[PDB]
Amino acid sequence: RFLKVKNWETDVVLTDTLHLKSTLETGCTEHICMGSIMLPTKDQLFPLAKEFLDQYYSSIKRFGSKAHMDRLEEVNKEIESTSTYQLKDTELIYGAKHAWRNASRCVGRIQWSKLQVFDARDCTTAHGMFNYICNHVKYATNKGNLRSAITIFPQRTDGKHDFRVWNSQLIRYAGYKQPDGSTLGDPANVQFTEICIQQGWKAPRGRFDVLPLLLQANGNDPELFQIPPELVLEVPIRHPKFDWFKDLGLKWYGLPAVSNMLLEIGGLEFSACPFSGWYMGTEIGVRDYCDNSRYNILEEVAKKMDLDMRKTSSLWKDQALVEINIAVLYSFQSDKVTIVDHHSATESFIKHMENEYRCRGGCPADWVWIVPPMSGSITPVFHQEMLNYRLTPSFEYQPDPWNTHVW
Amino acid sequence: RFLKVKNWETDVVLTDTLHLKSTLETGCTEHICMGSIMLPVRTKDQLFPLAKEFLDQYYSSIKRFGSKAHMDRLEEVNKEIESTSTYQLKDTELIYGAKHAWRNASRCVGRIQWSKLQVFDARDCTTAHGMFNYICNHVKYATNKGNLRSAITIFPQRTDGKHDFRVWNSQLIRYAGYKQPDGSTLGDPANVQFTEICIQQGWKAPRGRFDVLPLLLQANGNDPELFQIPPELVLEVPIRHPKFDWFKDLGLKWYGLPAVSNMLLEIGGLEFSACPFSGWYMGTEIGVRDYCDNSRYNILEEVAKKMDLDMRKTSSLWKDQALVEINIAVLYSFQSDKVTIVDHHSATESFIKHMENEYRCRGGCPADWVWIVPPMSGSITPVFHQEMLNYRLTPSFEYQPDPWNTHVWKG
Ligand code: HEM
Ligand code: HEM
Ligand SMILES: Cc1cc(N)nc(C[C@@H]2CNC[C@@H]2OCCCCCc2cccc(F)c2)c1
Ligand SMILES: Cc1cc(N)nc(C[C@@H]2CNC[C@@H]2OCCCCCc2cccc(F)c2)c1
Ligand SMILES: C[C@H](O)[C@H](O)[C@H]1CNc2nc(N)[nH]c(=O)c2N1
Ligand SMILES: C[C@H](O)[C@H](O)[C@H]1CNc2nc(N)[nH]c(=O)c2N1
Ligand SMILES: [Zn+2]
């Protein structure tokens, strides 16, 4: 019932109690582990509300006060009458920060409490959503001293009045299927790059075309907008020692900003809540560039290094992978955009576990996601036992909207 | 019921029904995943059911489920359990059993090789000298002058658990570690506590960087005894790099035969507490783990210094760079000396092909993702993108507490 986690490199043992608060279900049974699967009424709403406000008033050391009891009644009455309720700003900010704090797949949660929250519950139109989003992007980008931020559009009501940002991220490159059969640009975006063209986008058809935002307000048909180019900070990719690297013509964007998730706070569902921080180098260099069904450039790079590619045992793939990732970090640093390397990032996360275990009695964590996709065992998170469990408030996946919104 | 696993790189979807034959528990519940936790005298009552399940399985594999020969064998085991409390496996069931325990090993990336396993039946062994001789033979047969062959040696099952056969070493071949008065360590840090036991027991430690530990062997619940493996039986590879000539001057070498001796083999309810097995190495077990863990040989600094990497900031990726060259050296040295080794690209590819064929013929393949994905270059090997379902089948290999914590000393 009280569970231990051992770090096998330091022998440090931490005891977890926070999991007993856990509410939702993981997918695992004690017959099957599902830890490596990517996706495994008014009646309900009040319990949910009460649990949230309970932890809120606990957090500001007012558990059991007049303020607390009063608020609990205020909400109870509001649900009774309206079938939903509205969050105070103070609760919204707390809710959002905690959804991040609770993201068991996020290695960067040591920053959770510095989240700038932009309240956009007064939004009503796609143009309104566009203006909110450009302000988010500009605030977040900060000319390269990147700043974490979330923007929260209005909560679900009947579920046919959804706000949704259709893009998966606010900034992404276009992917085009070719007569060739091969793929130009980002193949993970092919479908969407064609939902845009299908709604009127004039595609440049290049390697690195920044996609239009495609915004849905109040459950209406969605609309295209080009993010002002001057708001999209990009980094030319060069190597600190390899002259020919430049010539690959590689760039990436500075702002990672997840826009397709659903934020739940105290039973309320915020289906458009794009949030953003900054990159861990590997997310670009390992996955974006080298992944088979992504940009997949390893072959072309190994060649320029003139490595022996006749046998896997030369470790040429590995060799090239390191260089590509050296060059992502070097480029971002030289162009002064915030970026963290996986050594630094896993090292802070360890520190953040220590803190969460002593400050909160635990920290939910998904080992499969926390360990970098390169050099696992040389980052301290590899040797760290983690417990995974679902706390609220949370970010959750939700169906892609083109499959749902009846056009 | 039916459960689907998706490969996110190929979009191939597989359906598992085999997980329905799991009855042992995982450690997880619907409220917690314990999937990254290292570790999440038996009576008559529970024994015939385990025996029965095992023998229904064995007889299905040979297309004789329901046969007179199946029914007679159940009767026979039945009778033998109630008058003796235990039972004995036939040769054919022991072999079938040992193979299946490997096959059910969800943590093993090497399982494409499961049906090619040399089983040595050492259930007539009674003494430690007898254990030594059996283990020597296995080490010679498995080494095979560099052309490694998989093998397992199986000593007598547990009886009252007061009479255990144990191999006290965690692997048949390993290097000593010595903690110095100044706080530093010579040799392998993982091996210190064990080296201390060996020394205490009579072993004359040469006190070098690569001293092959003596075998410490328990027969029939007796005190364990020291033995030295004949050095000519211990195939070792000096580590050099194909381009970096300063590399040999680091003075490194590794043994060729990876051989786990500390696990417990369960077959049909019976517990074989000494069942050393061996295969051949995936390079990263030495290059990444053995050399490059901070808690192991930790030669990253020494290798990065020689390579002239910028070591002042971790974002130079000096560590990642050194780690790759060490792994280059490890596969180079082994291949140059004609000792079987596999790189992690070839090993993970084969496993994906094993895994798929297992879903097709067997209806499943339990697999632990945390363990199967290699400890360098994770996402460029196809297992990273493969969804996996982990569950416990028997027969199986299980961890067991170190015998120095449990053993009742005699004198
Ligand atoms: C401050 C910089 C941040 C870093 C370096 C970071 C790190 C990461 C990384 C490396 C991943 C894995 C992505 C993948 O491999 O697909 C991830 C996932 C995630 N992060 Fe962060 N994070 C940061 C900020 C944030 C913020 C501001 C939030 C929200 C407030 C957040 C919430 C999440 C969530 C929900 C996931 C899982 C997404 C999914 O399931 O696909 N992170 N994080
Ligand atoms: C054919 C050569 C083999 C290769 C390349 C191979 C590969 C591996 C590797 C890399 C590991 C992980 C070790 C670690 O990370 O510490 C492993 C684990 C394991 N393998 Fe193999 N394996 C082989 C043969 C065998 C054999 C012959 C058996 C038994 C018959 C076996 C059973 C197991 C078991 C039980 C584990 C988990 C060990 C643990 O939980 O500590 N393997 N395999
Ligand atoms: C705020 C933030 C910062 C940061 N460094 N990374 C992140 C999350 C990262 C950004 N790159 C990829 C990831 O976004 C989530 C990607 C979606 C994976 C889940 C998913 C669900 C359905 C179908 C799919 F193909 C994938 C978020
Ligand atoms: C037969 C065989 C071949 C091969 N290539 N690899 C293996 C397994 C590897 C070989 N070297 C040691 C390793 O097994 C044990 C090493 C780490 C296990 C530690 C450990 C601690 C607690 C519970 C466990 F289940 C395991 C075994
Ligand atoms: C099958 C497995 O669950 C899947 O590939 C995961 C593995 N680990 C990951 N880890 C991170 N950080 N991001 C991912 O997209 C994935 N994919
Ligand atoms: C904490 C974690 O589960 C543990 O360190 C595991 C991680 N994955 C591993 N994977 C392999 N192949 N071998 C190991 O020893 C480990 N260690
Ligand atoms: Zn689990």
# chains A, B, ... in the order shown; residues from 1 in each chain; ligands from 1
call {"tool": "residues_near_ligand", "arguments": {"ligand": "ligand 4", "cutoff": "7 Å", "atoms": "only C-alpha atoms and all ligand atoms", "output": "short mmCIF file (atom, residue, chain, number, x, y, z; two decimals) with N, CA, C and O atoms, in the first residue's frame"}}
result
data_model
loop_
_atom_site.label_atom_id
_atom_site.label_comp_id
_atom_site.auth_asym_id
_atom_site.auth_seq_id
_atom_site.Cartn_x
_atom_site.Cartn_y
_atom_site.Cartn_z
N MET B 38 12.15 -2.89 -10.72
CA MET B 38 13.09 -4.01 -11.02
C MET B 38 12.53 -5.36 -10.55
O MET B 38 12.54 -6.33 -11.30
N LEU B 39 12.03 -5.39 -9.32
CA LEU B 39 11.43 -6.58 -8.71
C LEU B 39 10.01 -6.24 -8.24
O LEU B 39 9.85 -5.70 -7.13
N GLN B 171 26.88 -14.66 -12.22
CA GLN B 171 27.18 -15.18 -13.55
C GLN B 171 28.39 -16.13 -13.40
O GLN B 171 29.23 -15.94 -12.51
N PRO B 258 28.39 -14.98 -21.82
CA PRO B 258 27.52 -14.42 -20.80
C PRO B 258 26.70 -15.57 -20.25
O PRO B 258 26.07 -16.32 -21.03
N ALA B 259 26.71 -15.73 -18.93
CA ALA B 259 26.09 -16.92 -18.33
C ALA B 259 25.50 -16.68 -16.97
O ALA B 259 26.27 -16.58 -15.97
N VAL B 260 24.18 -16.59 -16.93
CA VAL B 260 23.42 -16.23 -15.71
C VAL B 260 23.29 -17.42 -14.80
O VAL B 260 22.69 -18.45 -15.17
N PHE B 277 22.53 -20.75 -17.18
CA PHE B 277 22.40 -20.79 -18.64
C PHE B 277 23.30 -19.75 -19.31
O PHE B 277 23.83 -18.82 -18.68
N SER B 278 23.48 -19.92 -20.62
CA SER B 278 24.41 -19.02 -21.25
C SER B 278 24.06 -18.86 -22.69
O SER B 278 23.48 -19.78 -23.30
N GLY B 279 24.42 -17.71 -23.24
CA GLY B 279 24.21 -17.51 -24.64
C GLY B 279 25.40 -16.84 -25.29
O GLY B 279 26.50 -17.34 -25.23
N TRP B 280 25.14 -15.70 -25.92
CA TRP B 280 26.20 -14.81 -26.40
C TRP B 280 25.72 -13.35 -26.33
O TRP B 280 24.53 -13.08 -26.26
N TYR B 281 26.67 -12.43 -26.32
CA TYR B 281 26.41 -11.08 -25.92
C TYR B 281 25.84 -10.27 -27.07
O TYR B 281 26.21 -10.46 -28.23
N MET B 282 24.96 -9.35 -26.71
CA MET B 282 24.64 -8.19 -27.55
C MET B 282 25.67 -7.17 -27.12
O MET B 282 25.95 -7.05 -25.93
N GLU B 285 25.53 -4.76 -23.87
CA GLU B 285 25.65 -5.26 -22.50
C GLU B 285 27.06 -4.97 -21.93
O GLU B 285 27.18 -4.65 -20.75
N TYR B 399 13.75 -14.36 -10.36
CA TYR B 399 14.83 -13.88 -9.51
C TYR B 399 14.71 -14.66 -8.19
O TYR B 399 13.66 -15.20 -7.87
#
call {"tool": "interface_residues", "arguments": {"of": "chain B", "to": "chain A", "cutoff": "7 Å", "atoms": "only C-alpha atoms", "output": "mmCIF file with N, CA, C and O atoms, in the first residue's frame"}}
result
data_model
loop_
_atom_site.group_PDB
_atom_site.id
_atom_site.type_symbol
_atom_site.label_atom_id
_atom_site.label_comp_id
_atom_site.auth_asym_id
_atom_site.auth_seq_id
_atom_site.Cartn_x
_atom_site.Cartn_y
_atom_site.Cartn_z
ATOM 1 N N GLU B 9 5.662 2.482 -36.323
ATOM 2 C CA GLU B 9 6.558 2.757 -37.437
ATOM 3 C C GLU B 9 6.058 2.097 -38.726
ATOM 4 O O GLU B 9 6.114 2.705 -39.785
ATOM 5 N N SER B 22 -2.069 -16.512 -18.640
ATOM 6 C CA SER B 22 -1.317 -15.960 -17.542
ATOM 7 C C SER B 22 -2.151 -16.082 -16.255
ATOM 8 O O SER B 22 -3.325 -15.716 -16.251
ATOM 9 N N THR B 23 -1.577 -16.629 -15.181
ATOM 10 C CA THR B 23 -2.255 -16.651 -13.857
ATOM 11 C C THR B 23 -1.388 -15.995 -12.767
ATOM 12 O O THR B 23 -1.906 -15.531 -11.745
ATOM 13 N N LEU B 24 -0.071 -15.981 -12.976
ATOM 14 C CA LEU B 24 0.835 -15.298 -12.055
ATOM 15 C C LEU B 24 0.576 -13.797 -12.194
ATOM 16 O O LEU B 24 0.119 -13.345 -13.247
ATOM 17 N N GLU B 25 0.829 -13.031 -11.136
ATOM 18 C CA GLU B 25 0.470 -11.614 -11.140
ATOM 19 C C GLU B 25 1.636 -10.743 -11.568
ATOM 20 O O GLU B 25 2.773 -11.125 -11.375
ATOM 21 N N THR B 26 1.350 -9.581 -12.158
ATOM 22 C CA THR B 26 2.388 -8.714 -12.750
ATOM 23 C C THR B 26 3.001 -7.713 -11.767
ATOM 24 O O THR B 26 4.118 -7.232 -11.973
ATOM 25 N N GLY B 27 2.270 -7.374 -10.715
ATOM 26 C CA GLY B 27 2.669 -6.247 -9.885
ATOM 27 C C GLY B 27 1.805 -5.022 -10.140
ATOM 28 O O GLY B 27 1.661 -4.174 -9.262
ATOM 29 N N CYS B 28 1.217 -4.928 -11.331
ATOM 30 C CA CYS B 28 0.355 -3.783 -11.662
ATOM 31 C C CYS B 28 -1.048 -3.985 -11.125
ATOM 32 O O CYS B 28 -1.402 -5.074 -10.739
ATOM 33 N N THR B 29 -1.820 -2.910 -11.040
ATOM 34 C CA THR B 29 -3.277 -2.986 -10.916
ATOM 35 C C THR B 29 -3.911 -1.967 -11.893
ATOM 36 O O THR B 29 -3.195 -1.283 -12.644
ATOM 37 N N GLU B 30 -5.241 -1.839 -11.879
ATOM 38 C CA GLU B 30 -5.890 -0.812 -12.712
ATOM 39 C C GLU B 30 -5.580 0.609 -12.218
ATOM 40 O O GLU B 30 -5.871 1.577 -12.909
ATOM 41 N N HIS B 31 -4.973 0.728 -11.038
ATOM 42 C CA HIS B 31 -4.646 2.032 -10.464
ATOM 43 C C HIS B 31 -3.169 2.415 -10.445
ATOM 44 O O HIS B 31 -2.834 3.601 -10.275
ATOM 45 N N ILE B 32 -2.294 1.426 -10.622
ATOM 46 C CA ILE B 32 -0.870 1.688 -10.655
ATOM 47 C C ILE B 32 -0.141 0.796 -11.646
ATOM 48 O O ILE B 32 -0.483 -0.369 -11.812
ATOM 49 N N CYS B 33 0.835 1.359 -12.348
ATOM 50 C CA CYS B 33 1.704 0.569 -13.218
ATOM 51 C C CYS B 33 3.043 0.439 -12.542
ATOM 52 O O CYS B 33 3.644 1.454 -12.145
ATOM 53 N N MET B 34 3.511 -0.799 -12.400
ATOM 54 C CA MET B 34 4.783 -1.050 -11.700
ATOM 55 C C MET B 34 5.760 -1.604 -12.707
ATOM 56 O O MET B 34 6.706 -2.311 -12.356
ATOM 57 N N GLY B 35 5.510 -1.234 -13.966
ATOM 58 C CA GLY B 35 6.247 -1.715 -15.126
ATOM 59 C C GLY B 35 7.699 -1.303 -15.202
ATOM 60 O O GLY B 35 8.448 -1.895 -15.961
ATOM 61 N N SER B 36 8.109 -0.302 -14.432
ATOM 62 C CA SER B 36 9.525 0.073 -14.371
ATOM 63 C C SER B 36 10.223 -0.302 -13.049
ATOM 64 O O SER B 36 11.388 -0.007 -12.856
ATOM 65 N N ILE B 37 9.508 -0.974 -12.154
ATOM 66 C CA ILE B 37 10.087 -1.570 -10.961
ATOM 67 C C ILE B 37 10.935 -2.831 -11.280
ATOM 68 O O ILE B 37 10.494 -3.723 -12.009
ATOM 69 N N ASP B 293 28.177 2.497 -17.325
ATOM 70 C CA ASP B 293 27.475 2.850 -16.099
ATOM 71 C C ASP B 293 28.491 3.524 -15.157
ATOM 72 O O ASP B 293 29.667 3.110 -15.088
ATOM 73 N N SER B 295 28.233 3.302 -12.050
ATOM 74 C CA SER B 295 28.397 2.245 -11.038
ATOM 75 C C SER B 295 29.169 1.020 -11.497
ATOM 76 O O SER B 295 29.272 0.053 -10.735
ATOM 77 N N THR B 314 27.937 19.368 -20.957
ATOM 78 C CA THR B 314 27.277 18.135 -21.358
ATOM 79 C C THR B 314 26.595 18.195 -22.746
ATOM 80 O O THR B 314 26.421 17.154 -23.397
ATOM 81 N N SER B 315 26.237 19.406 -23.196
ATOM 82 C CA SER B 315 25.605 19.608 -24.507
ATOM 83 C C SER B 315 26.600 19.544 -25.665
ATOM 84 O O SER B 315 26.227 19.713 -26.831
ATOM 85 N N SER B 316 27.869 19.285 -25.361
ATOM 86 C CA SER B 316 28.793 18.916 -26.426
ATOM 87 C C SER B 316 28.467 17.495 -26.827
ATOM 88 O O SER B 316 28.839 17.063 -27.920
ATOM 89 N N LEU B 317 27.772 16.780 -25.935
ATOM 90 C CA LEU B 317 27.421 15.364 -26.140
ATOM 91 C C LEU B 317 28.659 14.471 -26.148
ATOM 92 O O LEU B 317 28.698 13.445 -26.812
ATOM 93 N N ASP B 320 27.875 10.950 -25.115
ATOM 94 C CA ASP B 320 27.183 10.174 -26.145
ATOM 95 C C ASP B 320 28.168 9.703 -27.202
ATOM 96 O O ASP B 320 28.019 8.609 -27.756
ATOM 97 N N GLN B 321 29.153 10.563 -27.483
ATOM 98 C CA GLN B 321 30.157 10.324 -28.508
ATOM 99 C C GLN B 321 31.139 9.246 -28.110
ATOM 100 O O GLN B 321 31.431 8.348 -28.910
ATOM 101 N N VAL B 324 29.496 5.701 -28.036
ATOM 102 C CA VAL B 324 29.418 5.054 -29.328
ATOM 103 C C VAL B 324 30.766 4.426 -29.720
ATOM 104 O O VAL B 324 30.806 3.297 -30.231
ATOM 105 N N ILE B 328 31.681 0.648 -30.616
ATOM 106 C CA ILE B 328 32.352 0.297 -31.881
ATOM 107 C C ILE B 328 33.496 -0.655 -31.592
ATOM 108 O O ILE B 328 33.591 -1.697 -32.205
ATOM 109 N N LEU B 331 32.346 -4.373 -30.563
ATOM 110 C CA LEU B 331 31.947 -5.281 -31.666
ATOM 111 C C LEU B 331 33.152 -5.582 -32.574
ATOM 112 O O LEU B 331 33.271 -6.677 -33.118
ATOM 113 N N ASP B 343 25.291 -7.032 -32.586
ATOM 114 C CA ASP B 343 24.974 -5.636 -32.315
ATOM 115 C C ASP B 343 23.479 -5.484 -32.057
ATOM 116 O O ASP B 343 22.636 -6.324 -32.476
ATOM 117 N N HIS B 345 21.325 -3.487 -33.404
ATOM 118 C CA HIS B 345 20.466 -3.274 -34.576
ATOM 119 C C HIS B 345 20.012 -4.612 -35.121
ATOM 120 O O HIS B 345 18.851 -4.853 -35.382
ATOM 121 N N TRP B 369 9.087 -3.888 -22.367
ATOM 122 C CA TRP B 369 9.641 -2.855 -23.233
ATOM 123 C C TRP B 369 10.859 -2.187 -22.638
ATOM 124 O O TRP B 369 11.848 -1.916 -23.338
ATOM 125 N N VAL B 370 10.770 -1.944 -21.344
ATOM 126 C CA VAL B 370 11.815 -1.303 -20.573
ATOM 127 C C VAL B 370 13.096 -2.088 -20.748
ATOM 128 O O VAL B 370 14.189 -1.509 -20.749
ATOM 129 N N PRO B 375 20.042 0.103 -24.417
ATOM 130 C CA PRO B 375 20.328 1.237 -23.556
ATOM 131 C C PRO B 375 21.119 2.356 -24.219
ATOM 132 O O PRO B 375 21.516 3.297 -23.536
ATOM 133 N N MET B 376 21.402 2.214 -25.515
ATOM 134 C CA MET B 376 21.807 3.318 -26.365
ATOM 135 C C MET B 376 20.948 3.332 -27.643
ATOM 136 O O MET B 376 20.420 2.284 -28.062
ATOM 137 N N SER B 377 20.789 4.515 -28.244
ATOM 138 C CA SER B 377 20.151 4.655 -29.554
ATOM 139 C C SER B 377 18.774 4.038 -29.602
ATOM 140 O O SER B 377 18.357 3.573 -30.641
ATOM 141 N N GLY B 378 18.065 4.049 -28.488
ATOM 142 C CA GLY B 378 16.752 3.469 -28.429
ATOM 143 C C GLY B 378 15.898 3.585 -29.689
ATOM 144 O O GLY B 378 15.576 2.564 -30.289
ATOM 145 N N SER B 379 15.537 4.815 -30.084
ATOM 146 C CA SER B 379 14.520 5.030 -31.144
ATOM 147 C C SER B 379 14.899 4.684 -32.583
ATOM 148 O O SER B 379 14.028 4.647 -33.447
ATOM 149 N N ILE B 380 16.175 4.452 -32.852
ATOM 150 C CA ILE B 380 16.567 3.965 -34.187
ATOM 151 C C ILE B 380 16.590 2.418 -34.355
ATOM 152 O O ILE B 380 17.097 1.916 -35.344
ATOM 153 N N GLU B 387 4.655 -1.631 -29.798
ATOM 154 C CA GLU B 387 3.894 -1.813 -28.583
ATOM 155 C C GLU B 387 4.079 -3.274 -28.137
ATOM 156 O O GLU B 387 4.228 -4.173 -28.985
ATOM 157 N N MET B 388 4.138 -3.468 -26.811
ATOM 158 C CA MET B 388 4.352 -4.766 -26.199
ATOM 159 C C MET B 388 3.414 -4.995 -25.003
ATOM 160 O O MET B 388 2.943 -4.046 -24.379
ATOM 161 N N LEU B 389 3.156 -6.265 -24.707
ATOM 162 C CA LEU B 389 2.240 -6.668 -23.673
ATOM 163 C C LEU B 389 3.039 -7.575 -22.825
ATOM 164 O O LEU B 389 3.607 -8.568 -23.331
ATOM 165 N N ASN B 390 3.144 -7.225 -21.547
ATOM 166 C CA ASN B 390 3.963 -7.997 -20.668
ATOM 167 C C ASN B 390 3.043 -8.801 -19.725
ATOM 168 O O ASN B 390 2.059 -8.270 -19.223
ATOM 169 N N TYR B 391 3.354 -10.090 -19.546
ATOM 170 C CA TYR B 391 2.630 -10.972 -18.640
ATOM 171 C C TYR B 391 3.481 -12.196 -18.360
ATOM 172 O O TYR B 391 4.447 -12.446 -19.092
#
call {"tool": "closest_residue", "arguments": {"among": "B:4, B:410, B:140, B:116", "to": "residue 96 (chain B)", "atoms": "only C-alpha atoms"}}
result
B:116
call {"tool": "closest_atom_pairs", "arguments": {"of": "chain B", "to": "ligand 3", "cutoff": "12 Å", "atoms": "only C-alpha atoms and all ligand atoms", "output": "Markdown table"}}
result
| residue | atom | partner | partner_atom_place_in_ligand_line | distance |
| --- | --- | --- | --- | --- |
| B:6 | CA | ligand 3 | 25 (F) | 11.6 |
| B:7 | CA | ligand 3 | 25 (F) | 11.2 |
| B:8 | CA | ligand 3 | 25 (F) | 7.7 |
| B:9 | CA | ligand 3 | 25 (F) | 9.9 |
| B:11 | CA | ligand 3 | 25 (F) | 10.7 |
| B:385 | CA | ligand 3 | 25 (F) | 11.2 |
call {"tool": "residues_around", "arguments": {"residues": "residue 266 (chain B)", "least_positions_apart": "4", "cutoff": "9 Å", "atoms": "only C-alpha atoms", "output": "JSON, numbers by chain"}}
result
{"B": [97, 98, 101, 270, 271, 272, 273, 394, 395, 396, 397, 398]}
call {"tool": "residues_around", "arguments": {"residues": "residue 365 (chain B)", "least_positions_apart": "2", "cutoff": "9 Å", "atoms": "only C-alpha atoms", "output": "list in words"}}
result
residues 16, 18, 19, 103, 104, 106, 354, 355, 356, 358, 359, 362, 363, 367, 388, 389, 390 and 391 of chain B
call {"tool": "write_last_selection", "arguments": {"atoms": "N, CA, C and O atoms", "output": "short mmCIF file (atom, residue, chain, number, x, y, z; two decimals), in the first residue's frame"}}
result
data_model
loop_
_atom_site.label_atom_id
_atom_site.label_comp_id
_atom_site.auth_asym_id
_atom_site.auth_seq_id
_atom_site.Cartn_x
_atom_site.Cartn_y
_atom_site.Cartn_z
N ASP B 16 -3.24 -10.51 -29.45
CA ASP B 16 -2.71 -11.43 -28.47
C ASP B 16 -3.85 -12.15 -27.78
O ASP B 16 -4.76 -11.52 -27.25
N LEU B 18 -2.73 -15.19 -26.11
CA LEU B 18 -1.92 -16.02 -25.23
C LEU B 18 -1.92 -15.55 -23.78
O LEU B 18 -1.76 -16.38 -22.87
N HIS B 19 -2.13 -14.24 -23.58
CA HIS B 19 -2.12 -13.59 -22.26
C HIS B 19 -3.23 -14.12 -21.35
O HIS B 19 -3.20 -13.90 -20.14
N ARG B 103 11.79 -19.12 -23.77
CA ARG B 103 10.73 -18.61 -24.62
C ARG B 103 9.73 -17.65 -23.96
O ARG B 103 9.24 -16.72 -24.63
N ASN B 104 9.46 -17.86 -22.66
CA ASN B 104 8.53 -17.04 -21.84
C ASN B 104 9.24 -15.86 -21.16
O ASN B 104 8.62 -15.05 -20.45
N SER B 106 10.05 -12.58 -20.80
CA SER B 106 9.63 -11.32 -21.42
C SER B 106 10.78 -10.26 -21.46
O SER B 106 10.75 -9.36 -22.30
N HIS B 354 10.92 -12.37 -34.62
CA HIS B 354 10.54 -13.45 -33.71
C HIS B 354 9.17 -13.16 -33.11
O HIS B 354 8.25 -13.99 -33.18
N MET B 355 9.03 -11.95 -32.58
CA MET B 355 7.80 -11.51 -31.94
C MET B 355 6.58 -11.71 -32.83
O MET B 355 5.60 -12.21 -32.36
N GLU B 356 6.64 -11.27 -34.09
CA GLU B 356 5.53 -11.43 -35.04
C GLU B 356 5.17 -12.88 -35.34
O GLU B 356 3.99 -13.24 -35.49
N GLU B 358 5.74 -15.34 -33.38
CA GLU B 358 5.13 -15.80 -32.13
C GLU B 358 3.64 -15.45 -31.98
O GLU B 358 2.87 -16.25 -31.44
N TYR B 359 3.25 -14.25 -32.40
CA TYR B 359 1.82 -13.91 -32.45
C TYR B 359 1.08 -14.77 -33.44
O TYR B 359 -0.05 -15.15 -33.20
N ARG B 362 1.79 -18.83 -31.91
CA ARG B 362 1.46 -19.01 -30.50
C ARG B 362 0.33 -18.12 -30.00
O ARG B 362 -0.24 -18.38 -28.96
N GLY B 363 0.02 -17.05 -30.71
CA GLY B 363 -1.07 -16.15 -30.30
C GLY B 363 -0.57 -15.04 -29.37
O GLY B 363 -1.36 -14.33 -28.74
N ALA B 367 6.57 -9.50 -23.55
CA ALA B 367 7.76 -8.70 -23.78
C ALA B 367 7.73 -7.52 -22.84
O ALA B 367 6.69 -6.84 -22.73
N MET B 388 4.14 -3.47 -26.81
CA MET B 388 4.35 -4.77 -26.20
C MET B 388 3.41 -5.00 -25.00
O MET B 388 2.94 -4.05 -24.38
N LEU B 389 3.16 -6.26 -24.71
CA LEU B 389 2.24 -6.67 -23.67
C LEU B 389 3.04 -7.58 -22.82
O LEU B 389 3.61 -8.57 -23.33
N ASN B 390 3.14 -7.22 -21.55
CA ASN B 390 3.96 -8.00 -20.67
C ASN B 390 3.04 -8.80 -19.72
O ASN B 390 2.06 -8.27 -19.22
N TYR B 391 3.35 -10.09 -19.55
CA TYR B 391 2.63 -10.97 -18.64
C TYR B 391 3.48 -12.20 -18.36
O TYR B 391 4.45 -12.45 -19.09
#
call {"tool": "closest_residue", "arguments": {"among": "B:237, B:95, B:212, B:275", "to": "residue 155 (chain B)", "atoms": "only C-alpha atoms"}}
result
B:275
call {"tool": "atom_distance", "arguments": {"atom1": "CA of residue 85 (chain A)", "atom2": "CA of residue 271 (chain A)"}}
result
15.8 Å
call {"tool": "residues_around", "arguments": {"residues": "residue 131 (chain B)", "least_positions_apart": "5", "cutoff": "12 Å", "atoms": "only C-alpha atoms", "output": "PyMOL selection string"}}
result
chain B and resi 121-126+136-138+153-156+165-168+172+215-220+224-227+229+274-276
call {"tool": "atom_distance", "arguments": {"atom1": "CA of residue 13 (chain B)", "atom2": "CA of residue 1 (chain B)"}}
result
16.0 Å
call {"tool": "residues_near_ligand", "arguments": {"ligand": "ligand 1", "cutoff": "7 Å", "atoms": "only C-alpha atoms and all ligand atoms", "output": "PyMOL selection string"}}
result
chain A and resi 96-97+99-100+103+105-109+111-112+115+148-150+275-280+283+340+345+369+395+397
call {"tool": "residues_around", "arguments": {"residues": "residue 396 (chain A)", "least_positions_apart": "2", "cutoff": "9 Å", "atoms": "only C-alpha atoms", "output": "list in words"}}
result
residues 261, 262, 263, 264, 394 and 398 of chain A
call {"tool": "select_by_dssp", "arguments": {"residues": "region 159-231 of chain B", "states": "strand (DSSP E)", "output": "VMD selection string"}}
result
chain B and resid 166 to 167 177 to 179 185 to 187 215 to 218 225 to 227
call {"tool": "residues_around", "arguments": {"residues": "residue 247 (chain A)", "least_positions_apart": "2", "cutoff": "12 Å", "atoms": "only C-alpha atoms", "output": "ChimeraX atom specification"}}
result
/A:236-239,242-245,249-251,300-301,304
call {"tool": "select_by_dssp", "arguments": {"residues": "region 181-404 of chain A", "states": "helix (DSSP H, G or I)", "output": "PyMOL selection string"}}
result
chain A and resi 187-197+229-231+245-248+281-290+298-304+312-314+316-334+342-360+367-370+376-378+380-383+401-403
